[PDB]
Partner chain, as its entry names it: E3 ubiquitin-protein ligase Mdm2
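Take a look at this single chain, the form solved without its partner chain, given in structure tokens.
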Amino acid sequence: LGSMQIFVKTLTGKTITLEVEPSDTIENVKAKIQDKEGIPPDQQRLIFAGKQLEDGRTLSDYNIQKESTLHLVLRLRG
């Protein structure tokens, strides 16, 4: 509420599907990714429209709407 579906592509061609809502923080979207891909949120970068989404911000703060495509890039930490 308002639940939506987005897509997350890895750097090895894999496509992940998430059910999200625009109030979800980037912290929460990463926790969903941890559930399906086993990647701790401190080792995730989420890229959209040429910028890496920052923790604390939400989905609307980046104007991400239904069926947008994010890019997951792994990091060592931080």
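Numbering follows the first chain given and starts at 1. Rigid core: the largest C-alpha set superposing within 1.5 Å between the two forms.
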**Prompt:** Comparing C-alpha positions in 5 other deposited structures of this protein against this form, with the rigid core used for the fit, which stretch differs more, 4 to 12 or 68 to 76?
**Reply:** 68 to 76
**Complete:** Of 36 to 44 and 23 to 31, the stretch with the higher mean C-alpha B-factor in the deposited entry is 23 to 31
**Request:** Return whichever of 6 to 14 and 51 to 59 has the greater mean Cα B factor according to the PDB record.
**Result:** 51 to 59
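In what follows, reference is made to the form deposited with its partner chain bound, a form of this protein that is not presented.
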**Prompt:** Does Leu74 reach its partner chain in the bound PDB entry if we count a contact as any heavy atom within 4.5 Å?
**Reply:** yes
**Request:** Give a yes/no on whether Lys66 approaches its partner chain to within 4.5 Å in the bound PDB entry, heavy atoms considered.
**Result:** no
**Asked** Using a 4.5 Å cut-off on heavy atoms, what residues in 25 to 55 are near its partner chain in the bound PDB entry?
**Response** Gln34, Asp35, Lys36, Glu37, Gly38, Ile39, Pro40, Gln43
